[PDB]
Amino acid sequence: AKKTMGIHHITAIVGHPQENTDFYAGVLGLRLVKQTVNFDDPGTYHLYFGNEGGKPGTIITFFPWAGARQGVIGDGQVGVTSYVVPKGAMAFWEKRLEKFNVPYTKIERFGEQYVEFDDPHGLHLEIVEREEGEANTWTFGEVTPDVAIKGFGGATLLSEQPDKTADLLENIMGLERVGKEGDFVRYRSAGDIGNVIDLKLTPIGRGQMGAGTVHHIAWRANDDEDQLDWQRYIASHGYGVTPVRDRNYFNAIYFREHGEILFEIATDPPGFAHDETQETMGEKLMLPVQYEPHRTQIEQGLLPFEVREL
């Protein structure tokens, strides 16, 4: 079958863009690498945060719509998004969360210690220390390369049918089974980031779509050719798959897996530096060219916000 390097990006519906940004840039120190709009709804932001380069495996993306049409975290969703930091950096993050009045808990699984906390709109996050994965050199506030979030450590999936999700991850998608512990089976992809995928083995009841939930998880393809191969393979192995959609910073295909999680395969190229320079990406509102004749309509409707140090 096929083999993905790991997570490309994760996409979530959240609340006010300023609140979202104050958390992901202000607290977590991630770079806003692209501000654009939702391809489907031009009157809604689509914000992309990541490491200094917005590299695949570091990219968290948001549809911020203020007013919180709140969903419920449950089966058929990514339950927890995992962020990896350098070895020894746990205390930096614990003290920083405390400074910002963000409660956290400490849990252990598979011999690793995790800091668990929620973002302002209810998404479940965690931080884990690992040597693997390139340092994030985006300096923002007190966040420096020796402590900065390097990207995703992985994610924890809540599946309506965990046996089917496991079969997909291991036997179709080429992830290696690490083992089982507690209520989890763990899988590892071959990349050095976005690579540790935990699957909860007992269903906790179906989630509800809406704000404060993860919308989908995207897995990496090396290039357009690899993605086309994925489309052919996935469609012939028991799933519905969309046509390729050009999202400007990558091409995308989507398929809902049997545990009801929405998966995506996204190409590593071209990335976020091809309609803005690497040094300025994230600074201007970029639009799908189809909407450039409505820039006035579009901007008039978007809430202002700024990336700011807290």
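The first residue of the sequence shown is number 1, and the count goes up from there.
**Q** Averaging C-alpha B-factors over each stretch, which comes out higher, 233-241 or 209-217?
**A** Looking at the recorded C-alpha B-factors, 209-217 comes out higher on average.
**Q** 166-174 versus 68-76: which one carries the higher mean Cα B factor per the record?
**A** The stretch with the larger average C-alpha B-factor is 68-76.
**Q** Based on what the PDB entry reports, which of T44, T58, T61, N251 has the top C-alpha B-factor?
**A** So the option with the highest C-alpha B-factor is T44.
**Q** From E260, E264, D268, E283, pick the one with the largest CA B-factor in the entry?
**A** The C-alpha B-factor peaks, among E260, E264, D268, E283, at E283.
**Q** Taking only the Cα B-factors deposited for this chain, tell me whether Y48 sits in the lowest, middle or highest third.
**A** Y48: CA B-factor falls in the lowest third of its chain.
**Q** Would you mind checking where the Cα B-factor of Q300 ranks among the modelled residues of its chain, as the lowest, middle or highest third?
**A** According to the entry, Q300 has a C-alpha B-factor in the chain's highest third.
**Q** Can you tell me which third, lowest, middle or highest, the CA B-factor of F39 falls into for its chain?
**A** According to the entry, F39 has a C-alpha B-factor in the chain's highest third.
**Q** Can you work out whether the C-alpha temperature factor of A1 puts it in the lowest, middle or highest third of the chain?
**A** Ranked within chain, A1 CA B lands in the highest tercile.
**Q** Please rank the C-alpha B-factors of the chain's modelled residues and tell me whether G151 sits in the lowest, middle or highest third.
**A** Within its chain, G151 is a lowest-third residue by C-alpha B-factor, going by the deposited values.
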